[PDB]
Amino acid sequence: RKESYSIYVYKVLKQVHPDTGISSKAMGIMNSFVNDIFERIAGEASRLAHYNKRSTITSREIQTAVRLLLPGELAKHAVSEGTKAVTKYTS
Amino acid sequence: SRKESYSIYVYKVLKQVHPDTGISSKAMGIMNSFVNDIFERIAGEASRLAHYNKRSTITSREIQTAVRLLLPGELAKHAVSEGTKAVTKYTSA
Amino acid sequence: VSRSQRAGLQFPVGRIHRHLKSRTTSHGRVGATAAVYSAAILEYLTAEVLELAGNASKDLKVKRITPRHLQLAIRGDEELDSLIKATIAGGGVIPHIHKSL
Amino acid sequence: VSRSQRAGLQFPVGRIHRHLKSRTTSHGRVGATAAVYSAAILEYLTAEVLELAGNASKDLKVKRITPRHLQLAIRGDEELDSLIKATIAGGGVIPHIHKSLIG
Amino acid sequence: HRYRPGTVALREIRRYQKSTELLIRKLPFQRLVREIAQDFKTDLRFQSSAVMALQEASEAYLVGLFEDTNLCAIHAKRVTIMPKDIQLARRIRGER
Amino acid sequence: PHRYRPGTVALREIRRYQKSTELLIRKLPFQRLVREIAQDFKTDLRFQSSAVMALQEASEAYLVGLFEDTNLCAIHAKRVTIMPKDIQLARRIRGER
Amino acid sequence: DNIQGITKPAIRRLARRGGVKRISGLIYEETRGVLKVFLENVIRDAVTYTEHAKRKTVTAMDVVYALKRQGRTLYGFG
Amino acid sequence: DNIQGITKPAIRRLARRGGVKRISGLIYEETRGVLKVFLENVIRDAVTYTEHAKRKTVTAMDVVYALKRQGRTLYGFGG
DNA sequence: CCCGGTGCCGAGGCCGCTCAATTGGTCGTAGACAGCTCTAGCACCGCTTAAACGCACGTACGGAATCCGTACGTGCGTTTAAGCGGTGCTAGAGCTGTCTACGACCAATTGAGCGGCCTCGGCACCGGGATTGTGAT
DNA sequence: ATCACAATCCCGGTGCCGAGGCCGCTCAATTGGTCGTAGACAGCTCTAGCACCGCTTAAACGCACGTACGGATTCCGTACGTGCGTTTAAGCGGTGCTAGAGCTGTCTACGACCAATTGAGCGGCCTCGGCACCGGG
């Protein structure tokens, strides 16, 4: 069995565009793309945890990793979406 | 508030190659940072190389391939030679 | 209810949490909201790329997003251009003929 | 009886091993012969840069390696220049003036 | 009936800046990669996807290098690119 | 009035500054600039002196490398005087925005 | 030699894609040398990755890993 | 003003260390803009690293880590 | 470049199996925290040489202009080997099982590496002849 | 060519901080022994990579021809470079003060794990609808 992000991309696409499908090569492109962003965020979070000597990885490590990686308005809006998700999840 | 550093071993190596030539504290800081950076690079490559092959153990094979991946040609040859010598000496005892 | 459903995200919060455990810490803990934040970030970035690519495809009058459309959308937006410095297989080049020519 | 003495090095096998286990992923294991290789590698690289900087210092007839000698040794060899791409603090530059400027 | 320099050049620029196809014959490139890897380790095999990936990467690399070289040449108030422009681009990029 | 020829004193300065390794900016103005830059990101900050010292080392090394690239770009166009356009070409070739 | 397999029209086509109007006759040998060096680097890294896994077939993933190592990450091939 | 404090002779000395023999009259403002951009880029990460530790003092290590992030690793202030 | 014709393979929805995401009770443990101490960041003055700033001035330099010679682009006819297809064949990439051989955990313990204290010797700051590129003759 | 002349190199004394040595001691490398689990060794099968044949036919290739373009030459105009009288803002140095880093001793909230369930997620498959090459204006 080979794991993939093929779902959660078809769903996001069918929600942003209720009428546009995606091919099989573009699916590989976006699998690799999501994998790369996840790798970068995970690495930065691990490095922050090692820097500040906190054994656990909290939401704050993710927040600072997003702020360091993503530039400008992208970072701001991504941080907003993450905080919205966390606030909804806690309740 | 103990702080650990690679300074003693750096000094031992320096006295090994240049017995009568010293080093400055600024150069000692430089070389502390150099050893730290090179070790971090090698360790990260070894970890990713173990991960790719679906392993969990970080063996000398992983370190050898990491050195072969982040060291230029003749540096790679000589470093791998030295590491192999050390490993076959260690396994002897 | 699924952790993704409670978090209100389409991405797998549980699977992302497992991946964070298996790829991101020496010997330690991953907070439960760490997975929620990571999944929200991934969802946002993917949604932005998908929206831009779909806009390009609609401008080109086609019902499938292809690597050419992905390349067009990625290079078009400044933030996405700076975030993604990769090569896209079958993506081509953006036309630009210099004035001096 | 120490591990590094058993491997015949100067860098510590034990501390390097302990620092390795702090970097491997969850459930990761560090072979006792990975620290040996890493210690040997670090010793070799430090020995190379030290020999280069020492020679650069004896060129100027001094007894103290400083940031200047480290930069002159790093940028004076192709391998170390390619491997080390850092900013040695207080090292200046390598003195070189082009030929399209000299009268 | 003929043409003059700069016409067919721009026509080809437009015709090749819009497509996505590969611009090297696949068999000669495959022979090249096999010969290059014939020294690292003898008796080696490859995969179709591996050689295709290598070709895609090389094409992207060379197109980017030619963009940089064109900038370097246009800097000197020129239209023709020469080895000095390529060497300048690769020296500034650090590729040498 | 010895009145050296225009150009023969610049080479001596080139030799003098490439032989020396100290810092080449007054410390107080660079400290003030760093404070003014970091003020807008977050108010009421405080700096370890080594923070500003490391920042100045980084800035000087970056500018020296950039000027070497600009000199190559200028010599390319059969010139002796570096120009803003050569700085722009250098910063464009190496990808720095 | 198979490095000559990069025919003159191929180099001219890459140059046209890049935006090059005129091309000196000495450009071709320079581009061949450039391509040979780049291929040598990537292929060495991918062969080391393959040899680590005790293998005799160089798949696409080895190439993608080698390309990512140099800073030239490639999407959509593994 | 606080950006003119990087004076014309200072930029001239930085240029001379790079091997520059003649300097145009517009080089100074361009180099000031370049330096301001670079300092903003690195300080934007130094302040973020400081904030993540709930601190008010920007230790040297925050700057060194921020520099290593941008690919300009600096030797001599950490380790 | 801009509308049709057409036969297609590519994308997508339905289907059954499987494996990992979700409760739920422990439970050991890491970081929020309040308090205290004390370093080092910040502020203010005073002199004191020194780098900056503005100005006069004459020379090298960037930039436009003119002019030939040539070497890249364009066209044509003729190879020439890349691309398809078809069939053979087998070499090892990938999945399964088994058995063991190193690496993790725990307890006691002992030496190695930090922190502080101290001293001479190397690097720096400079005075005085030696000699060396410069610029006008 | 030959040479005055500012500037650079070359040695020399000096005293002043910093490198290097030395103890004290606390922390952490090291020894020994369970048990357990990841990983090495042996089999199996069938996927997919290498090889050979023949067509054909789209791309490379070699020669002919002429024109646009990069390189050398010439001429000034001016914008950088040199030197100098003068000022302004850095550089120490000492005193005063304290915000905030840094350690500690509690403890209380979150996260890893296990038994069991079950529900979402991949491999098949069965098609029809976006599409790519036509062919022409």
# chains A, B, ... in the order shown; residues from 1 in each chain; ligands from 1

$ residues_around --residues "residue 73 (chain E)" --least-positions-apart "5" --cutoff "9 Å" --atoms "only C-alpha atoms (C1' of nucleotides)" --output "PyMOL selection string"
chain E and resi 68+78-82+84-86

$ residues_around --residues "region 124-127 of chain I" --least-positions-apart "3" --cutoff "12 Å" --atoms "only C-alpha atoms (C1' of nucleotides)" --output "number ranges by chain"
J: 11-17

$ residues_around --residues "residue 89 (chain F)" --least-positions-apart "2" --cutoff "9 Å" --atoms "only C-alpha atoms (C1' of nucleotides)" --output "PDB file with C-alpha atoms, in the first residue's frame"
ATOM      1  CA  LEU E  71      20.882  39.208 -19.632  1.00  0.00           C
ATOM      2  CA  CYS E  72      24.680  39.357 -19.336  1.00  0.00           C
ATOM      3  CA  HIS E  75      24.160  44.333 -20.532  1.00  0.00           C
TER       4      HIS E  75
ATOM      5  CA  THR F  70      29.403  44.581  -9.435  1.00  0.00           C
ATOM      6  CA  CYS F  73      29.799  43.229 -14.201  1.00  0.00           C
ATOM      7  CA  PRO F  84      23.887  51.256 -10.419  1.00  0.00           C
ATOM      8  CA  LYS F  85      22.972  49.148 -13.457  1.00  0.00           C
ATOM      9  CA  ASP F  86      25.827  46.751 -12.697  1.00  0.00           C
ATOM     10  CA  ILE F  87      24.612  46.389  -9.101  1.00  0.00           C
ATOM     11  CA  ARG F  91      21.479  41.226  -7.812  1.00  0.00           C
ATOM     12  CA  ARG F  92      19.340  39.825 -10.640  1.00  0.00           C
ATOM     13  CA  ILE F  93      21.762  37.117 -11.798  1.00  0.00           C
ATOM     14  CA  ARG F  94      22.312  35.622  -8.336  1.00  0.00           C
TER      15      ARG F  94
END

$ closest_atom_pairs --of "chain I" --to "chain G" --cutoff "12 Å" --atoms "only C-alpha atoms (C1' of nucleotides)" --output "tab-separated table"
residue	atom	partner	partner_atom	distance
I:71	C1'	G:25	CA	8.6
I:72	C1'	G:24	CA	7.1
I:73	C1'	G:22	CA	8.5
I:81	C1'	G:5	CA	11.5
I:82	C1'	G:5	CA	11.6
I:91	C1'	G:56	CA	9.8
I:92	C1'	G:56	CA	8.0
I:93	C1'	G:57	CA	8.4

$ interface_residues --of "chain B" --to "chain I" --cutoff "8 Å" --atoms "only C-alpha atoms (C1' of nucleotides)" --output "JSON, numbers by chain"
{"B": [2, 3, 4]}

$ write_last_selection --atoms "C-alpha atoms" --output "CSV table (one decimal), in the first residue's frame"
chain,number,residue,atom,x,y,z
B,2,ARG,CA,27.6,24.2,32.4
B,3,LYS,CA,28.4,24.7,28.7
B,4,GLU,CA,30.0,22.1,26.6

$ interface_residues --of "chain B" --to "chain J" --cutoff "8 Å" --atoms "only C-alpha atoms (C1' of nucleotides)" --output "NGL selection string"
:B and (24-25 or 56)

$ interface_residues --of "chain G" --to "chain A" --cutoff "12 Å" --atoms "only C-alpha atoms" --output "list in words"
residues 61, 64, 68, 73, 74, 75, 76, 77 and 78 of chain G

$ write_last_selection --atoms "C-alpha atoms" --output "compact mmCIF listing (two decimals), in the first residue's frame"
# COMPACT_ATOMS: atom_id res chain seq x y z
CA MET G 61 13.31 8.52 -6.76
CA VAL G 64 14.75 13.22 -7.44
CA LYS G 68 16.91 17.98 -4.29
CA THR G 73 14.08 20.09 -6.45
CA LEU G 74 11.92 18.61 -9.22
CA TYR G 75 8.16 18.09 -8.90
CA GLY G 76 6.06 15.38 -10.48
CA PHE G 77 8.44 12.48 -11.05
CA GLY G 78 8.19 10.49 -7.82

$ residues_around --residues "region 50-53 of chain C" --least-positions-apart "5" --cutoff "7 Å" --atoms "only C-alpha atoms (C1' of nucleotides)" --output "list in words"
residues 13 and 16 of chain A; 65, 69, 70 and 73 of chain C

$ write_last_selection --atoms "N, CA, C and O atoms" --output "PDB file, in the first residue's frame"
ATOM      1  N   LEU A  13     -10.148  21.024  -4.225  1.00  0.00           N
ATOM      2  CA  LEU A  13     -10.379  21.517  -5.579  1.00  0.00           C
ATOM      3  C   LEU A  13     -11.868  21.601  -5.892  1.00  0.00           C
ATOM      4  O   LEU A  13     -12.344  22.609  -6.425  1.00  0.00           O
ATOM      5  N   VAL A  16     -13.142  24.752  -3.999  1.00  0.00           N
ATOM      6  CA  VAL A  16     -12.767  26.048  -4.559  1.00  0.00           C
ATOM      7  C   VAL A  16     -13.374  26.224  -5.946  1.00  0.00           C
ATOM      8  O   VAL A  16     -13.831  27.315  -6.305  1.00  0.00           O
TER       9      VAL A  16
ATOM     10  N   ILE C  65      -7.026  20.872 -14.721  1.00  0.00           N
ATOM     11  CA  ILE C  65      -5.830  21.606 -14.327  1.00  0.00           C
ATOM     12  C   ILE C  65      -4.620  20.748 -14.671  1.00  0.00           C
ATOM     13  O   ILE C  65      -4.502  19.610 -14.205  1.00  0.00           O
ATOM     14  N   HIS C  69      -0.851  24.848 -16.490  1.00  0.00           N
ATOM     15  CA  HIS C  69      -1.650  25.785 -15.707  1.00  0.00           C
ATOM     16  C   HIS C  69      -1.055  26.001 -14.323  1.00  0.00           C
ATOM     17  O   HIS C  69      -1.044  27.129 -13.814  1.00  0.00           O
ATOM     18  N   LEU C  70      -0.566  24.929 -13.694  1.00  0.00           N
ATOM     19  CA  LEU C  70       0.075  25.073 -12.392  1.00  0.00           C
ATOM     20  C   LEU C  70       1.292  25.982 -12.484  1.00  0.00           C
ATOM     21  O   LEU C  70       1.490  26.849 -11.628  1.00  0.00           O
ATOM     22  N   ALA C  73       0.134  29.662 -12.935  1.00  0.00           N
ATOM     23  CA  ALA C  73      -0.374  30.239 -11.695  1.00  0.00           C
ATOM     24  C   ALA C  73       0.740  30.454 -10.678  1.00  0.00           C
ATOM     25  O   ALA C  73       0.743  31.459  -9.958  1.00  0.00           O
TER      26      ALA C  73
END

$ interface_residues --of "chain D" --to "chain A" --cutoff "12 Å" --atoms "only C-alpha atoms" --output "list in words"
residues 19, 22, 23, 24, 25 and 26 of chain D

$ write_last_selection --atoms "C-alpha atoms" --output "compact mmCIF listing (two decimals), in the first residue's frame"
# COMPACT_ATOMS: atom_id res chain seq x y z
CA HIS D 19 24.41 13.97 20.58
CA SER D 22 19.27 13.46 20.30
CA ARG D 23 18.87 13.97 16.53
CA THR D 24 17.49 10.68 15.19
CA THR D 25 13.75 10.49 14.64
CA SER D 26 11.25 8.91 17.02

$ interface_residues --of "chain A" --to "chain H" --cutoff "7 Å" --atoms "only C-alpha atoms" --output "CSV table (one decimal) with N, CA, C and O atoms, in the first residue's frame"
chain,number,residue,atom,x,y,z
A,52,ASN,N,15.1,26.2,21.6
A,52,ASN,CA,14.5,26.7,22.9
A,52,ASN,C,14.4,25.6,23.9
A,52,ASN,O,13.9,25.8,25.0
A,64,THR,N,5.4,29.7,14.7
A,64,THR,CA,6.7,30.4,14.4
A,64,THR,C,7.3,29.8,13.1
A,64,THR,O,7.9,30.6,12.4
A,68,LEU,N,8.3,32.0,9.9
A,68,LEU,CA,9.6,32.1,9.3
A,68,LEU,C,9.6,31.6,7.9
A,68,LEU,O,10.3,32.3,7.0

$ residues_around --residues "region 13-20 of chain H" --least-positions-apart "2" --cutoff "10 Å" --atoms "only C-alpha atoms (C1' of nucleotides)" --output "VMD selection string"
(chain D and resid 92 to 98 101) or (chain F and resid 10 to 21 23 to 25 60 to 61 63 to 72 74 80 to 82) or (chain H and resid 8 to 11 22 to 23 27 31)

$ interface_residues --of "chain E" --to "chain J" --cutoff "10 Å" --atoms "only C-alpha atoms (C1' of nucleotides)" --output "list in words"
residues 4, 5, 6, 25, 45, 46, 47, 48, 78, 79 and 80 of chain E

$ closest_residue --among "B:26, B:12, B:41, B:18" --to "residue 76 (chain H)" --atoms "only C-alpha atoms"
B:26

$ residues_around --residues "residue 63 (chain E)" --least-positions-apart "4" --cutoff "9 Å" --atoms "only C-alpha atoms (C1' of nucleotides)" --output "compact mmCIF listing (two decimals) with N, CA and C atoms, in the first residue's frame"
# COMPACT_ATOMS: atom_id res chain seq x y z
N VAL C 93 7.87 27.34 -20.15
CA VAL C 93 8.43 28.62 -19.73
C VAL C 93 7.38 29.70 -19.96
N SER E 58 17.77 18.65 -16.75
CA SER E 58 18.82 19.26 -17.56
C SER E 58 18.27 20.35 -18.47
N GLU E 59 17.10 20.11 -19.07
CA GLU E 59 16.50 21.13 -19.92
C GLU E 59 16.15 22.38 -19.14
N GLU E 67 18.86 32.14 -20.13
CA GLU E 67 18.25 33.41 -19.74
C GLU E 67 19.26 34.32 -19.05
N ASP E 68 20.04 33.76 -18.11
CA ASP E 68 21.04 34.57 -17.42
C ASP E 68 22.10 35.08 -18.39
N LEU G 14 17.16 25.28 -27.24
CA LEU G 14 17.19 25.71 -25.85
C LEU G 14 17.47 27.21 -25.75
N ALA G 15 18.40 27.71 -26.57
CA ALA G 15 18.70 29.13 -26.58
C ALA G 15 17.49 29.96 -26.99
N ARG G 16 16.77 29.51 -28.02
CA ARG G 16 15.56 30.22 -28.43
C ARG G 16 14.53 30.24 -27.31
N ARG G 17 14.35 29.11 -26.63
CA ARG G 17 13.43 29.07 -25.50
C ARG G 17 13.84 30.06 -24.42
N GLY G 18 15.15 30.21 -24.20
CA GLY G 18 15.62 31.15 -23.19
C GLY G 18 15.49 32.61 -23.57
N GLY G 19 15.30 32.92 -24.85
CA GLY G 19 15.19 34.28 -25.31
C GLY G 19 16.42 34.83 -26.01
